[PDB]
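Participant: Could you have a look at this structure, given as structure tokens, before my questions?
Just so it is clear, none of the values below were taken in a lab; they were calculated from the coordinates. No Cβ is skipped: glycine too gets one built from the backbone with ideal geometry, and neighbour counts run over all protein chains shown.
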Amino acid sequence: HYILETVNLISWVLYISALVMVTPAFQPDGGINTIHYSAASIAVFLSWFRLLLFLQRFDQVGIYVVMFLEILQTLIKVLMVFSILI
Amino acid sequence: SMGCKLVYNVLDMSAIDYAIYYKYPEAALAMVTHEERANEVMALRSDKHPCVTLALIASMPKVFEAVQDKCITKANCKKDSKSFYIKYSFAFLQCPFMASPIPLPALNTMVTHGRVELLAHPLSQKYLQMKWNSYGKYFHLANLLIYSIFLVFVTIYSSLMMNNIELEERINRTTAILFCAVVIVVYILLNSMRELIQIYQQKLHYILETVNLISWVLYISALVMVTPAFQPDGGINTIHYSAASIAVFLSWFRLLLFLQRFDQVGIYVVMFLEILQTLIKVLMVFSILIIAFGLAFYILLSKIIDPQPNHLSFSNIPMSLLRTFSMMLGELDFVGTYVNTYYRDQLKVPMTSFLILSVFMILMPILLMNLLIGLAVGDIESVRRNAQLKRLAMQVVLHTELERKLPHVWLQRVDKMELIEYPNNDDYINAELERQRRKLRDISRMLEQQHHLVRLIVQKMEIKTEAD
Amino acid sequence: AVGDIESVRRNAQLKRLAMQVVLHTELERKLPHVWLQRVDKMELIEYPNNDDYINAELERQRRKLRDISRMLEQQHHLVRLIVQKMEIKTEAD
Amino acid sequence: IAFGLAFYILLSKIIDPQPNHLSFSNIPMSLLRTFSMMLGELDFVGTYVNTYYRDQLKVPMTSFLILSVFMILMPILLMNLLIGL
């Protein structure tokens, strides 16, 4: 029942992508590729998106993240029905 | 009616204290609306209720509806309206003891409780427009008219500074731009002698007002704007263009703060400044999603070889955060920054740039812009339900803040008493279900006293002929 | 999105409290139980719309009208007994 | 009138006025432009970005401050007042 949480799967994509980003600092031939630019952009986006999941539980700034993540659950169920019109 | 002494008991309550605590309206109404001893009932001092006219309007306001109806005593000269005078004796809206440096104590209490029917009653309305037509009408008209002289000399001076520029650059010091310069600097000095007396009366709670800080940025910026008209080498710089644009914007934005208090054009500024307070609390939480995407587009779109004017806005971190905020308003530029650079083989990270952009379009211009629409629809239908209270709560806070500024020796001459004038339904269902509960309690007590007597009759009834 | 925001905003004072209790609920399951019972104090001493009100008062008046109806039927039996066994001599037809 | 006069101060003396900045050269033309750029045609990367990197934007740091406070309240907050009414 670990896979049903959906907050843990955000953390596993974040930790793997932040390891692929960090490997050119550990090699003697510290070369870069287009897999390291792509891993750096996924790691930086998901690091700041996971900070919003901590701000649910504060006061005056916690009710607006509950509104964000509730109109996001409806918008996933309705952009798979109306991906037929795209 | 036979003169009972109003005293206290061992638990230091009075007769009025039980009628408010147990909440019997028709028991309290038999002694605050008494014909001869109503004034002695209203002047009591207690511990549970230090002032009874502030305790009625908090607990049961329909009792205080009837006390206000006894204060409008109409004469009986019904013919021709020749001596038909209505006599308004307030005497209850002013609390002597509850002494207190609060200016309008009764009207400020029926605002914090939301008693909109007490505020709209013709005794409170004639108490406000007596205080309006004596001092308050002229500290509001003269305030809005000496600001609107300042607003038209900042607007004229900016249009004259743009049409009179030379060459380093300098201004042609014309006699028309000099007369508009002096009127501005005289207004700043005369209105800085008003906001230093204000700091003495508002020591260190002056910074919490947020309307005063608009006025200090406006006055400093209108002085930096006006200095090239005062120097012999009347030179200009980019600090004078920047000060002129802040002064002209804040001069017209501060005019909206005066139009809150008019009719039919005053409810729409209350709606503006209430969906602005919510939008500041929600654009600091969701400035995390602009740092999230704005740094993601900096990784992907900054090292594109031969940077066109399209991709020149992702070459910094502060410029990528302004670009990300502008492309949730509609200017996304799909076929200029992603399509034509992909087919010229110039897009650096192809398949991830179409993934960050696709997840951008789901939640920034669709889902975050629909959060802001849905918060604004709910705030407008909350002002519109409470519209007839926000007009009355603003009328009383106008006089409340104005009493605190004036000296008290001027007020008592113009503080008239006994004015003579010669010429949804949730609070109704809950106030009638509560009335039927007291009626079924009286029927149940009358029926139990009668059931004791009927049961006594059959115990002591004489039975001779119909005996078994 | 307009309908989902006015559904969170009505239930705002419950979603803050339901989140405070699910914070502690998921946190108890992670810790070992031997640490909790030391800090699980008992007997703390401290030295220093209205749809559920209309439906809870109409239900209260239904129980009150049932008591009035039962008291009135027990009394109607006794009043009807009196006229069966009342002595009538002077006012007899 | 507040923003339309503020963009006239900042964007009218730009040297070599392109077709972009030719709509802020009057006061009556700056009030029509300000009303059209709350409907969606804000032109961020044609009137602010490319003139900043050609070193042609006259007052740089204030033009990005008046524009940033424009985007908060004219196309977001005033257009949401009209939807909610």
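Participant: Could you tell me whether any residue of region A:11-27 is touching a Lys or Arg at 6+ places or on another chain (Cβ under 9 Å) and assigned to a helix (DSSP H, G or I)?
Facilitator: Within region A:11-27 (the criterion being touching a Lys or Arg at 6+ places or on another chain (Cβ under 9 Å) and assigned to a helix (DSSP H, G or I)), the answer is yes, since at least one residue qualifies.
Participant: Condition (residue is within 11 Å of chain B (Cβ to nearest Cβ), surrounded by 11 or more Cβ atoms within 10 Å (Cβ to Cβ) and over 21 Å from B:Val458 (Cα atoms)) applied to region C:68-89: is it met by at least one residue?
Facilitator: Looking through region C:68-89, at least one residue is within 11 Å of chain B (Cβ to nearest Cβ), surrounded by 11 or more Cβ atoms within 10 Å (Cβ to Cβ) and over 21 Å from B:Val458 (Cα atoms).
The rows are residues; the columns are (1) of a type in the set (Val, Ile, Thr); (2) under 30 Å from B:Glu421 (Cα atoms); (3) in contact with a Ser or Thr (Cβ under 9 Å, 6 or more places away or on another chain).
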site	(1), (2), (3)
B:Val116	yes, yes, no
B:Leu119	no, yes, no
B:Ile146	yes, no, no
B:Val152	yes, no, no
B:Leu178	no, no, no
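Participant: Of everything in region B:14-31, what is more than 12 Å from B:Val52 (Cβ to Cβ) and crowded, with 16+ Cβ neighbours inside 10 Å? Give them in sequence order.
Facilitator: Scanning region B:14-31 gives B:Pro25, B:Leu29.
Participant: Any residue in region B:200-215 that is of a type in the set (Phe, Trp, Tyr) sitting within a Cβ distance under 8 Å of a residue that is surrounded by 10 or more Cβ atoms within 10 Å (Cβ to Cβ) and assigned to a helix (DSSP H, G or I)? List the pairs, counting only those 6 or more apart or interchain.
Facilitator: Qualifying pairs under 8 Å: B:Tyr206/B:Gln198; B:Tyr206/B:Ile199; B:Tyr206/B:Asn212.
Participant: Another question, then. Residue check: is B:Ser251 under 30 Å from B:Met394 (Cβ atoms), buried (at least 16 other Cβ atoms within 10 Å of the Cβ) and not aliphatic (A, V, I, L, M)?
Facilitator: Spelling it out, B:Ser251 is indeed under 30 Å from B:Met394 (Cβ atoms), buried (at least 16 other Cβ atoms within 10 Å of the Cβ) and not aliphatic (A, V, I, L, M).
Participant: Ok, one more. Which condition number does B:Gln231 fail, the rest of (1) outside any helix (DSSP H, G or I); (2) closer than 30 Å to D:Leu85 by Cβ; (3) more than 10 Å from chain D (Cβ to nearest Cβ); (4) not β-branched (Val, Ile, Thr) being met?
Facilitator: (2)
Okay, residues lined up against (1) surrounded by fewer than 18 Cβ atoms within 10 Å (Cβ to Cβ); (2) touching a helix residue (DSSP H, G or I) at 6+ places or on another chain (Cβ under 7 Å):
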{"position": "B:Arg344", "(1), (2)": "yes, no"}
{"position": "B:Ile356", "(1), (2)": "no, yes"}
{"position": "B:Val359", "(1), (2)": "yes, no"}
{"position": "B:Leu402", "(1), (2)": "yes, yes"}
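Participant: A follow-up question, please. C:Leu27 is checked against (1) closer than 23 Å to A:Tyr64 by Cβ; (2) under 34 Å from the mean Cα position of the chain (by Cα) and fails just one. What number does that condition carry?
Facilitator: (1)
Participant: Restricting to region A:37-67, what's the tally of residues that are at the interface with chain B (Cβ under 10 Å from one of its Cβ atoms), in a helix (DSSP H, G or I) and over 17 Å from the mean Cα position of the chain (by Cα)?
Facilitator: Initial filter on region A:37-67 (at the interface with chain B (Cβ under 10 Å from one of its Cβ atoms)): A:37-52, A:55, A:58, A:60-65, A:67.
Filter once more, so that each one left must be in a helix (DSSP H, G or I): A:37-49, A:55, A:63-65, A:67.
Cutting the leftovers down to over 17 Å from the mean Cα position of the chain (by Cα) gives us A:63-64, A:67.
Residues in region A:37-67 being at the interface with chain B (Cβ under 10 Å from one of its Cβ atoms), in a helix (DSSP H, G or I) and over 17 Å from the mean Cα position of the chain (by Cα): 3 in total.
Participant: Which of the residues spanning region B:278-326 are of a type in the set (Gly, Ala, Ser) and either in contact with a helix residue (DSSP H, G or I) (Cβ under 6 Å, 6 or more places away or on another chain) or within 14 Å of chain A (Cβ to nearest Cβ) (or both)?
Facilitator: Listed by number, the residues that qualify are B:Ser287, B:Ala292, B:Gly294, B:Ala296, B:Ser302, B:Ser313, B:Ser320, B:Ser326.
Participant: Is it the case that some residue within region B:379-388 is under 34 Å from the mean Cα position of the chain (by Cα), under 29 Å from B:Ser100 (Cβ atoms) and either at the interface with another protein chain (Cβ under 10 Å from one of its Cβ atoms) or not acidic (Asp, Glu) (or both)?
Facilitator: Checked against the condition, which is being under 34 Å from the mean Cα position of the chain (by Cα), under 29 Å from B:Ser100 (Cβ atoms) and either at the interface with another protein chain (Cβ under 10 Å from one of its Cβ atoms) or not acidic (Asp, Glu) (or both), region B:379-388 yields at least one hit.
Participant: Moving on. Which residue out of B:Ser313, B:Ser245, B:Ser287 is within 21 Å of D:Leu77 (Cβ to Cβ), surrounded by 20 or more Cβ atoms within 10 Å (Cβ to Cβ) and over 26 Å from the mean Cα position of the chain (by Cα)? Can you show your working first?
Facilitator: On the way: B:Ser313 fails: within 21 Å of D:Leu77 (Cβ to Cβ); B:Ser287 fails: surrounded by 20 or more Cβ atoms within 10 Å (Cβ to Cβ).
The conditions single out B:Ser245.
Participant: If you go through region D:1-16, how many residues are more than 10 Å from chain B (Cβ to nearest Cβ) and in contact with a helix residue (DSSP H, G or I) (Cβ under 9 Å, 6 or more places away or on another chain)?
Facilitator: Of all residues in region D:1-16, those more than 10 Å from chain B (Cβ to nearest Cβ) come to D:14-16.
Next cut, in contact with a helix residue (DSSP H, G or I) (Cβ under 9 Å, 6 or more places away or on another chain) only: D:14.
Of the residues in that region, 1 qualify.
Participant: While we're looking at this one, here's another question. Would you mind stating whether B:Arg391 is assigned to a helix (DSSP H, G or I), within 30 Å of B:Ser83 (Cα to Cα) and of a type in the set (D, E, K, R)?
Facilitator: no
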